[PDB]
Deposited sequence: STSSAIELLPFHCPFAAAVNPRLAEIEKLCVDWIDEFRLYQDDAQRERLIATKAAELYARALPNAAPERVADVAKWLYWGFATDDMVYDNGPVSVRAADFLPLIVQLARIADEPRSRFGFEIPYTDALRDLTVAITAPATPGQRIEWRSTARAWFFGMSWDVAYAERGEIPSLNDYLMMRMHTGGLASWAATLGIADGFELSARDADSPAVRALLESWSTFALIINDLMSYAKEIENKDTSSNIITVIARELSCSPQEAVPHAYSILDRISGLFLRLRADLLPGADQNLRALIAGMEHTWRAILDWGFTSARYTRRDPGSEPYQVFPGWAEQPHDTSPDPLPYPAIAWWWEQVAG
């Protein structure tokens, strides 16, 4: 059922790598080297995702070769997702998905691992894994391995709900969305490409974990809002509609209220942490700011979510002056309510 989006608030300016053209060329040459498509139409559609531009907006100061290297991860994700999820009228069974997805998790860990059956573009996963991780620090590689596995595990949870034809509760969605969207993996690739790495103390600290989870969650709620029109589940709109027994359109103001409250908490934790932040935590926070803006700027020009080739699936609803839910109270969802304990 059709919805009308509300305008988005973002207090951070647009940013883009000034060598985007070179980044895009490196990525298109890689897409053609590994033939990440079955036909010319698929090739055009994959290029039209503009995965290079999304990373270039998240990494405006990074070396273009390294932005291209991490962009391969997202192009591979799009090319593989356009295959595994387009697997017939019947929904993918979790029992069929799990044995394949653990093989891809293994290749991300150790690309020398090979199997008796491999899906198309597995050679490309080996190549991008080496390209991204070979120049990285040991600590960055450990983070790449753990965050890749968490994403693949998250995907399996989405498959479970799709098989059952069921919608998760809002509390369960708010716990798992950060995993199903692989935003920890995103953050790991920002560190590798931009050349930053959190101390174990910072990475483990509950305030930084709350910063990472709140950012991860609201970023992927924006993803859900931009994707809904094209999708028309486990979309925030469908989850809230079921939770509150209301229409998808009635769910919209609730979705933006949650977005405002989680984004608001992120900004509070950002304000708490920046003064004492070392160069690595400062670099991560910069990457988080650039990612928030990047998702909105790229989201409404990419063919991935909002745009046809033709009238877009989702027109840009505009920019909001302030977030109109300023309630500082913790969200009543005990999977994530602990974030608010970390406000100084």
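Missing C-alpha coordinates mark the following deposited-sequence intervals, in order: 1-3, 236-240, 318-319, 355.
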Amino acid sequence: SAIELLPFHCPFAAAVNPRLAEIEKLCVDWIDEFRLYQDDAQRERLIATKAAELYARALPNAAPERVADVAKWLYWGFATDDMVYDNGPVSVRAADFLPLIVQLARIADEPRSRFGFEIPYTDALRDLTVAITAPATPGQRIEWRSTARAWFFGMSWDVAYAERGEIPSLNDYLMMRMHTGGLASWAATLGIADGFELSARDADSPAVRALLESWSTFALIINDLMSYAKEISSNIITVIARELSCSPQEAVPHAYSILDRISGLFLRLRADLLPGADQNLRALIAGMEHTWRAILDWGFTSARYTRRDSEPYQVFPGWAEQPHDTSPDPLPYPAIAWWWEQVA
From here on, numbers count along this sequence of modelled residues.
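Two stretches are in play, 270-278 and 202-210, and the higher mean C-alpha B-factor belongs to 270-278.
Taking the PDB entry as given, 311-319 carries the higher mean Cα B factor of the two stretches 311-319 and 25-33.
The residue among 194, 123, 231, 109 whose C-alpha carries the highest B-factor in the deposited model is 231. Across 66, 45, 50, 57, the entry's maximum B-factor at the CA atom is seen for 45. When the CA B factors of the chain's modelled residues are split into thirds, the value for residue 243 lands in the middle one. Residue 167: CA B factor lies in the middle third for its chain, per the PDB record.
In this PDB entry, the Cα temperature factor of residue 149 sits in the bottom third of its chain's modelled residues, the lowest group. For residue 336, the recorded CA B-factor ranks within the middle third of the chain. Only modelled residues enter the ranking.
For residue 189, the recorded CA B-factor ranks within the lowest third of the chain. Only modelled residues enter the ranking.
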